[PDB]
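One structure is given below, encoded as structure tokens.
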């Protein structure tokens, strides 16, 4: 029940049992933009709202690529995300070199979640305050989420701290995402989550919302600036 | 190691419609005489993949212990039946450990043959480490690899190692057919092993016919 | 700024407060263990009840597994008290030392030399602020090379003292007076000869020592002893069928 | 400590550890150098107890090579490490590139060493400000000046040490481009506005030219201090 | 700095040493870089207030390679460390890969060096930097895919800017670029725009010895600092004299 | 008592060891575990409660019933990240014992090498101790089973039924009713469901496996068809 | 981050941690050392808390080698670790040079070890003061190692509790030429009536030299011949 | 934890260093050592601090040590931190002979040892050496020399220094009575004169201060003193000055 004594180290435990040094890093993912991922029966789409610091600057990237079928989208500080996106890329590349099959998505997320755990026990290192929206297709479509502490959750729909309380309720009442075999209706549902969880008096999607699709025969395809704004970003 | 002191014989691995057929004798020569005549050489490393030795036998247990721990490690995260390590993954691992030793001086003299079913379209999501009819495999899901001591790795329909590469392989490259029956497979291996018993010094009887069908891994002990 | 909580900071009165605080951690578990030594044998008795620490809801555990007697070597046993976390580490640190002595010195280690090496590494924790003190006392027992019984007791600080009979636990301030009085009932006794009655001359006068410190009935299902008697020399632990047989020797 | 960030950032933006080290230069012996056409006369200030410490053990005015003079200001105890780490690289450049170390590289090395200490872990920032007057790759003489923050810059004439503002302000007025040899030391010895002492046993001057450093004897420095007091009245 | 440490998260979800170092990038000389479809033009200030300086050893527009040209801001001593690491990694890239490095990739290695506290790999374990680099760069070049312009911060957030401004007047020069920068501009349209923005926020005049702009053309793909001849003809244009 | 509870290498003046008692309060706020020995085999349970707010996870995704080999299970109570580090240590302990001895590691020695690993972080001054208890159990063919428990700061203890988590004192009173050492393993499937609903809704959030049911005496899955006939009233 | 000196200086110009260590040796059992013309005498009373400890088990007079005897006062845990490094350094000298380790070469090495803990980060100073005595080819010697690290070429001194008033005995009852047998009589008196205690018997351990004879530790019955007078 | 860091290598807001000035005043309360250079040789003075009358005071003293056959110093400060520096100075005095087959000049040994003192106040995070001695010797390139180090490391070459306690009154005696060229006999009484006026006395007690001298007779004899040789020096002091 203190914020001055049990707060200046990762080692100190709070009297009620909390770890205030890693919970502060967990609150860092609630400061960035939003990112919603929808899992269908045979496809997984990832929508990410970018952010413009000024009118002259370009919106920074949010959705990345790890392998031919594995893609992530960070939420939080981007300098720690570059350490995890360069670690996950080297893990999938080493699996294609040491062996010849595709890296198991459950074993890949197990190796990146342990990187968080290693930076939570020592006193010199700090916890990686960044959420990873691991969404891939190996044999069955899967969507994983990590936290500053080691955790896995094979989720079906999510959001990331910006307007998550307005996006979770939209997806909690939508169970039709599984039967929506048509990919065109799935990307509209994923784009509807960003429309319903956007700040007031703000532009909806002016070609600044990254959207990527991965599935059965679809690799980590990045939707160009000539396919989503024509109909996928004009239905409403 | 240094020098193949406990030299083993060769195995013969062929495939058919019901599965892989790997057979070998249980005689391990020590120098110039059969010291041990009751030692197996077809080691099981998975519920669907097996592997065979050749050359040195003492070095072969080191590679067997390295592969049986990977089986238990892979079984620790079996949250689906498709997460099992396919024989192609085991073959690429042995081909990798052989190449790392090739860069150094110690080569670990062996002629490892990895064979098994390279698919997961059959219900086996309940593995038992210690303790009805067959199926028909498309010939593309039956992986049989070979690994030389230099690190040479490849895969064919029939793989013959050691001294039988000059005797059984020539008899196998012209008599092997596609999708043979179960009885035609052992009638060909027993006939090719008979030639190896007459034209090889470090060979004998006590065949250990091991078949990897679509229902598990079996064992037998004929006498020709 | 004054910091008396540090492990390697001398107090203004010339004291190590972290040692005195660690000594109270042993008494906080109130597991009283008694160990005496007589003619060509020595016996260690442990409370074996439970460790008075964080909540341990009984009636579901196994009492045959919960104990405080650990054999370091086949002829050198020991008892551990204090914190249950540091007691298992002291046994493994002693077993790693007794096994290292065999590979580097030929014969089996002595009960004295093992205690001198246990207190040697315990001083490293005291002098260095890197680690934490091991709140774990103990009584090491064993027969030497000269065919004589030895009994040594080590504290959380550096004390390789060794006693002919000692009590470890939470009543170390009053059990000394009752142990010396019960020990005088053997020295100034008849002492006609030694017919290897160690199971009757020591063990009988050892359970009675715990009978005075603990006012309970000392139920046979919650008390287990161990002897390093000569002609056996193997840290023999007395079974359940003989504990109650010796418990009825009050009359 | 050991591998601990000694030089951390203050809550406003400045470096509190470097700001304290830069303040240590203010409580040190002053020094001043001045570049000319093909030579560079240096001038350092010293203070010692009379009838003791005769050769001064060459506190300031240190040689790094056959044509690389150096004069510091600040922690005199730290100059034993900074010069030795500089002179070692002065010979390493002559071993790897087979050419005498130019002043452009030596000054870039001292600024690299001082910046490495205000950025590493478990180290104290070098509280010493220097000035290196040497030769470039061609026959050009450039006078540098490295502050404890790690930033260096060339200078036509510069003065560091105790109260380096008034002495630098006076040098900004009467500095001529191609000053004569006997006239440039007249300006260098005219920098006694800082140290209130007109004795010749406090300022030590030099002269670097033809890739050989020549000092200045007490005889010609006495006739030169004879004109400083007469110019005041 | 009072017993908090370097790696300590704030209750709002941010690092203490990062936001404490972000205030230091607004103290150096101002600079401005403009990225148009025809090329990339950089600009800075030559604060040579002390007349005894050689005015040649101090340059706020260094170079990483012939493709990439960058500016400096904040602590000038810490800028020489990141640039020296950038001059090595970009040149080491030319040995492994025969082509020049991309600005997007060159900025990543510089951004990775400013956050060396939670790293666990090699190539930076030889000297683990304890404090964050208090310097904001203005990296720009004509690598491939058209010319680009990036801007880094000590926080690591490297956002690609079409026209940015760093230095002490980084806020007073942002309003001028946000309203006068056009989409399609040539070199002359960008050279005059790089000087008029440097005239409003400046305590001195735009003479020859005050500005030191440099340009990286798209045809030859080689940076070239503007000398005293080309800088004199552009300041004499004066397309918008307003006061 | 003030200023002594900051680090873990400092001892409190009343003999108590601070920073470790706070860990027990942390595991008493997370999901609970359950493992009780029967006459046929060992059956575990992992009652999940914090997953009641997400509602977007799979029906059998958050599984906290790990294993190291063919017949030894390991569950958690508390931090699911800190305890996963001990899982890889336990799997590496069985692999190291298999290299050096070619035999399955016995349970009375795997519990000692794991308890020392957890306790090793308590002795240091620059590392954070683990915040998750561990339940380790097995069931021999000839000999009966045993359920060990490794709480924080060592202290391994052999049990016969144990519940640790947010309701450790609540579920323990239910197991004390009937002698579970001589009942059955399939009868206990619906028997534990009569404890979760009482002390929390009608959801399939509790995932649980068994180690022995005379079904080759190895670690089985949840067996979905057995979890369907749940006596939701009795 | 885990290695920083804890025994830092103070504004008055003294290591407070060193003076805090001297308060520990000033509250321990007294240890008396007396050199003579034909041998060196070291004595130390053994405070018996009970009759359970074996008098032959605990010791305050150990052997560095066959001719160097040591006597400590203070923390008993810090003595066994300093004794181990004393015997290990007495062997490394005996391995290179075939002769016996000289007292000046031994004290100068142990003084370098106890002083190292005053400056090494992460450790506290040694809470004890030694009394090294021994027969040397350059004559008899007796040194005392202060916990700070310095050593003094003493002649006759005490280091335990009440080392001020008990030391006044040697300021008047000691000449520049005393035999070995006369030193035992003046050593017992410094531990019998200089403290209240109890009737000193079988609780005083004395170490002798006996004119170049190997280091002999007196028994409980051998001291009775001197304790009667 | 980092809360127990005393920050021994951190600057102060006034620019100085805390641990250096704390150790500098720590040696100002220790014994006083006299340094003196004469035409015949160098002479180092000392002052044995009184502990009790049970010290030997005849065979050895803990103030003036020997580094080599031509370099000797007089410790003035913490005696614990000095033995580690004398051991470090003897190694540097022999490492030069092993690496160059020549005697090490005294002007180089001071730089080899002041860098050890300077390095403790630079990194590592440890307390500085609380000692400073009058290290002096004789070389073949510049004759007799005498240097005075400091806990920070800024040494200096001298002619007559009297560091330790009461340095102000001690340096005033050497500032006016030290001639430019003194012989060995007259120089010995000068170091004895400035030492009796330092401890507020009139003549030494003969079971006090110890001296030493080099006086290279082409072989660097380096003769120390005994308790009986000091009696002859005390008699010459009591006669005239």
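Protein chains in written order, with the UniProt record's numbering: chain F, 1 to 236; chain Z, 2 to 132, 149 to 241; chain D, 7 to 257; chain R, 2 to 234; chain X, 7 to 249; chain Y, 5 to 203, 210 to 244; chain E, 5 to 233; chain H, 2 to 242.
All C-beta atoms, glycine included, are put in the ideal place defined by N, C-alpha and C.
In the structure shown, the three-state DSSP call for residue 79(E) is coil. Closest in alpha carbon position to residue 33(Y), among 240(Y), 128(Y) and 135(Y), is 135(Y). Any Cβ of chain D closer than 8 Å to the Cβ of residue 57(E) would place that residue at the interface, and such an atom is present.
Within the stretch 50-79 of chain Z, the residues whose Cβ lies closer than 7 Å to any Cβ of chain Y are, in chain order, 66, 70, 73, 74 and 77. The beta carbon of residue 57(D) is closer than 7 Å to those of 35, 37 and 90 in its chain, skipping five residues each way along the sequence. Just so you know, the alpha carbons of residue 32(D) and residue 74(D) end up roughly 13 Å apart.
In its chain, beyond the 5 residues on either side, 228 and 229 have a beta carbon closer than 7 Å to the beta carbon of residue 72(X). Following the DSSP letters along the chain, one finds residue 109(H) inside the alpha helix (DSSP H) bounded by residues 107-121.
Three or more Cβ pairs closer than 8 Å define a contact, and the stretch 120-136 of chain E meets that threshold against the stretch 7-20 of chain D. Using a CB distance cut-off of 8 Å, residue 62(F) does not count as an interface residue toward chain X. With fewer than 16 other CB atoms across the displayed protein chains lying within 10 angstroms of its CB, residue 2(F) is exposed.
Looking from the CA of residue 21(X), the closest CA among 145(X), 161(X) and 45(X) belongs to 161(X). Taking 8 Å as the threshold, the shortest C-beta distance from residue 158(H) to chain R falls below it. When rounded, the separation of the alpha-carbon atoms in residue 189(H) and residue 234(H) is 8 Å.
With a threshold of 8 Å between beta carbons, residue 91(D) makes contact with chain Y.
Under the rule that a run must span 4 or more residues, the alpha helix (DSSP H) segments found entirely inside the stretch 141-218 of chain D read 181-193 and 204-207. Between residue 212(Z) and residue 184(Z) the beta-carbon gap is near 5 Å, inside 8 Å, which marks them as a contact. The alpha-carbon of residue 124(H) is positioned some 38 Å away from that of residue 102(D). Rounded to the nearest whole angstrom, the CA to CA distance from residue 172(F) to residue 125(Y) is 41 Å. Interface annotation for the stretch 104-125 of chain F against chain Z: 104, 106, 107 and 110, criterion Cβ-Cβ distance under 9 Å.
By the neighbour-count definition (other C-beta atoms within 10 Å, threshold 16), residue 111(X) is an exposed residue. The Cβ atoms of residue 129(F) and residue 67(F) do not sit closer than 8 Å to each other. Per DSSP, the continuous alpha helix (DSSP H) segment holding residue 105(F) begins and ends at 105-121. In this structure residue 211(R) is exposed. Its beta-carbon is surrounded by fewer than 16 other beta-carbon atoms within 10 angstroms.
It is roughly 5 Å from the alpha-carbon of residue 100(Z) to the alpha-carbon of residue 168(Z). Counting along the chain, the unbroken beta strand (DSSP E) around residue 140(E) starts and ends at 132-140.
For residue 79(R), not one C-beta of chain E is nearer than 8 Å to its own C-beta. Distances from the alpha-carbon of residue 141(R) to those of 56(R), 156(R) and 75(R) put 156(R) closest. Look at the stretch 100-115 of chain E: the residues with a C-beta under 9 Å from a C-beta of chain H are 108, 112 and 115.
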